[PDB]
Structures are given as C-alpha cells and as structure tokens.
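As structure tokens, the structure follows; a few thoughts come after it.
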Amino acid sequence: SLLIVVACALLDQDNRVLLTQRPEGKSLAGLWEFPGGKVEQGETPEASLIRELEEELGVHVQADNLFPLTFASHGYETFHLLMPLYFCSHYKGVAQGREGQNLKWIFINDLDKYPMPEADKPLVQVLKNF
Ligand SMILES: [Mg+2]
C-alpha cells in the first residue's frame with residue numbers, strides 16, 4: 001500500500017549532485033534520478049540508503065553523514081510513494097555504475113535541465129534553495 005523509498009543527493013567538492021540513469025537495454029534511454037532504493041524489513045532508512053549506495057555505486061557512507069533534507073509524497077494507481085531525500089557531502093569511494101547504469105554529476109542549479117521522474121522533481125526545487 002505505502003512504499004517507502006529512500007534517496008540521496010551526493011554532493012562533490014564542486015557542489016554537483018549525482019544523478020543516475022538506467023541503461024537503455026532493449027529499448028530507449030530512461031530518466032535521470034537520485035540514487036536510492038526500497039527500505040527493507042529490519043533496516044533503518046539510513047541502513048537501506050547506505051547499502052543502496054554501496055551496491056549501486058561503490059560509494060561508502062556513514063549514517064552520521066546522511067542529513068534529512070525533504071521528502072516526496074506521490075500517489076500512483078496501485079500504491080502510495082513516500083520518499084525521504086537525504087544529502088551527503090562526506091563519503092568514501094569513487095562513484096562508478098556497478099549495475100551498468102549511467103552517471104552524471106550536475107551542478108545543483110542545473111538539475112531541472114534534465115528529464116527526471118515526476119516524483120523526483122519537487123525535490124530538485126528544495127535543493128536549489130538550500
Ligand atoms: Mg538498488
């Protein structure tokens with residue numbers, strides 16, 4: 001019924017945020033989005049995000065370095081999405097697409113230049129003003 005997904009705005013030395021794009025596979029190029037994933041049973045939201053970032057990007061993050069920013073809340077035909085967004089400017093590893101996905105570091109004021117899922121878009125506005 002209610003799906004909880006956590007996401008992260010990873011910030012580099014130059015105030016670029018990382019967006020990722022699923023591979024084109026057998027059809028067309030997908031949308032740009034914040035890295036993240038489902039919050040699973042027996043995991044805190046922070047644990048889930050930390051694991052997602054390590055699985056997807058080989059980026060290593062400490063819970064004390066994840067800061068709540070905002071959340072999105074979005075109705076779909078068959079479930080409700082609640083999506084907490086964290087920011088993180090202190091992490092270890094070099095982001096690489098470990099699941100064959102595409103990576104793009106984008107200056108914060110430029111994020112709304114890129115096609116993004118409808119749910120991710122209010123989150124972009126919050127990032128610009130912070
Ligand atoms: Mg994942």
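Just remember, in the structure tokens the first chain shown is A, the second B, etc., residues are 1-based per chain, and ligands are 1-based in the order shown.
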(message) Quick one: residues within 10 Å of residue 74 (chain A), only C-alpha atoms, excluding same-chain residues fewer than 2 positions away - as number ranges by chain?
(response) A: 71-72, 76, 79-83, 118-120
Based on the selection just made, write N, CA, C and O atoms of those residues as a compact mmCIF listing (two decimals), in the first residue's frame.
```txt
# COMPACT_ATOMS: atom_id res chain seq x y z
N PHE A 71 11.16 15.30 1.66
CA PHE A 71 10.59 14.06 1.21
C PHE A 71 9.59 14.35 0.10
O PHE A 71 9.05 15.47 0.01
N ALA A 72 9.33 13.34 -0.72
CA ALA A 72 8.24 13.45 -1.67
C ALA A 72 7.16 12.46 -1.30
O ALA A 72 7.41 11.44 -0.67
N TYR A 76 0.19 6.90 -6.79
CA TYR A 76 0.13 6.14 -8.06
C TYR A 76 -1.15 5.32 -8.06
O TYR A 76 -1.83 5.27 -7.04
N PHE A 79 -0.40 2.12 -5.50
CA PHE A 79 0.34 2.28 -4.24
C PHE A 79 0.68 3.75 -3.98
O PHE A 79 0.63 4.58 -4.91
N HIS A 80 1.02 4.07 -2.74
CA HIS A 80 1.50 5.43 -2.41
C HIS A 80 3.01 5.42 -2.16
O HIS A 80 3.53 4.54 -1.48
N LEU A 81 3.71 6.38 -2.76
CA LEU A 81 5.15 6.52 -2.53
C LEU A 81 5.42 7.58 -1.48
O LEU A 81 4.98 8.70 -1.62
N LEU A 82 6.16 7.21 -0.44
CA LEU A 82 6.75 8.17 0.45
C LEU A 82 8.27 8.06 0.27
O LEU A 82 8.86 7.00 0.49
N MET A 83 8.90 9.15 -0.12
CA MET A 83 10.30 9.13 -0.46
C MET A 83 11.14 10.18 0.26
O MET A 83 11.31 11.28 -0.24
N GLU A 118 8.58 12.31 -12.33
CA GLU A 118 7.70 13.36 -11.74
C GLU A 118 7.85 13.47 -10.22
O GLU A 118 7.79 14.56 -9.68
N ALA A 119 8.05 12.34 -9.56
CA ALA A 119 8.21 12.27 -8.10
C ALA A 119 9.48 12.96 -7.63
O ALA A 119 9.49 13.58 -6.56
N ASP A 120 10.55 12.83 -8.41
CA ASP A 120 11.84 13.45 -8.06
C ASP A 120 11.81 14.99 -8.20
O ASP A 120 12.61 15.67 -7.58
```
(message) Within 8 Å of ligand 1 (counting only C-alpha atoms and all ligand atoms), which residues show up? I'd like them as a PyMOL selection string.
(response) chain A and resi 35-38+52-53+55-56
Grab the residues selected above and save them as a short mmCIF file (atom, residue, chain, number, x, y, z; two decimals), in the first residue's frame with N, CA, C and O atoms.
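Below is the file part08.cif, written as the result:
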```
data_model
loop_
_atom_site.label_atom_id
_atom_site.label_comp_id
_atom_site.auth_asym_id
_atom_site.auth_seq_id
_atom_site.Cartn_x
_atom_site.Cartn_y
_atom_site.Cartn_z
N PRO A 35 20.05 8.46 -6.84
CA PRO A 35 20.24 7.06 -6.45
C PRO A 35 19.49 6.74 -5.16
O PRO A 35 19.33 7.63 -4.31
N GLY A 36 19.01 5.51 -5.02
CA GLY A 36 18.27 5.10 -3.83
C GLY A 36 17.60 3.75 -3.96
O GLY A 36 17.85 2.99 -4.91
N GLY A 37 16.75 3.41 -3.00
CA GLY A 37 16.05 2.13 -3.08
C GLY A 37 15.05 1.95 -1.98
O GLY A 37 14.94 2.79 -1.10
N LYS A 38 14.32 0.83 -2.05
CA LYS A 38 13.29 0.45 -1.07
C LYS A 38 13.89 0.32 0.33
O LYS A 38 15.03 -0.13 0.49
N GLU A 52 22.27 0.62 -0.52
CA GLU A 52 22.00 1.01 -1.91
C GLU A 52 23.12 1.75 -2.57
O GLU A 52 23.47 1.45 -3.73
N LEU A 53 23.71 2.70 -1.85
CA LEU A 53 24.80 3.47 -2.41
C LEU A 53 26.04 2.59 -2.61
O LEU A 53 26.82 2.83 -3.54
N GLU A 55 26.00 -0.86 -3.03
CA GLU A 55 25.68 -1.78 -4.13
C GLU A 55 25.74 -1.10 -5.52
O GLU A 55 26.32 -1.66 -6.45
N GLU A 56 25.13 0.08 -5.64
CA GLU A 56 24.96 0.70 -6.95
C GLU A 56 26.16 1.47 -7.43
O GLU A 56 26.38 1.57 -8.64
#
```
(message) Which residues are close to residue 30 (chain A), i.e. within 12 Å by only C-alpha atoms, leaving aside same-chain residues fewer than 2 positions away? Reply as a VMD selection string.
(response) chain A and resid 19 to 28 32 to 33 101 to 102 114 to 117
(request) Could you tell me how far CA of residue 85 (chain A) lies from CA of residue 97 (chain A), in Å and to one decimal? (result) 20.3 Å
(request) With a distance cut-off of 10 Å and only C-alpha atoms, select the neighbouring residues of region 86-95 of chain A, excluding the residue or stretch itself and same-chain residues fewer than 4 positions from it, and output the selection as a PyMOL selection string. (result) chain A and resi 6-13+15-18+36+45-46+49+53-54+56-71+103+105+127
(request) Could you tell me, as a ChimeraX atom specification, which residues of chain A DSSP assigns to alpha helix (DSSP H) when given the backbone? (result) /A:45-57,121-129
(message) Please return, as a PyMOL selection string, all residues of chain A that DSSP assigns to strand (DSSP E or B) on the basis of the backbone.
(response) chain A and resi 2-11+16-21+33+36-38+60+67-75+80-88+92+102-107
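A straight line drawn from CA of residue 123 (chain A) to CA of residue 47 (chain A) is 21.2 Å long.
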(request) One decimal, Å: what's the distance from CA of residue 122 (chain A) over to CA of residue 106 (chain A), could you say? (result)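 About the pair CA of residue 122 (chain A) and CA of residue 106 (chain A): they are 16.8 Å apart.
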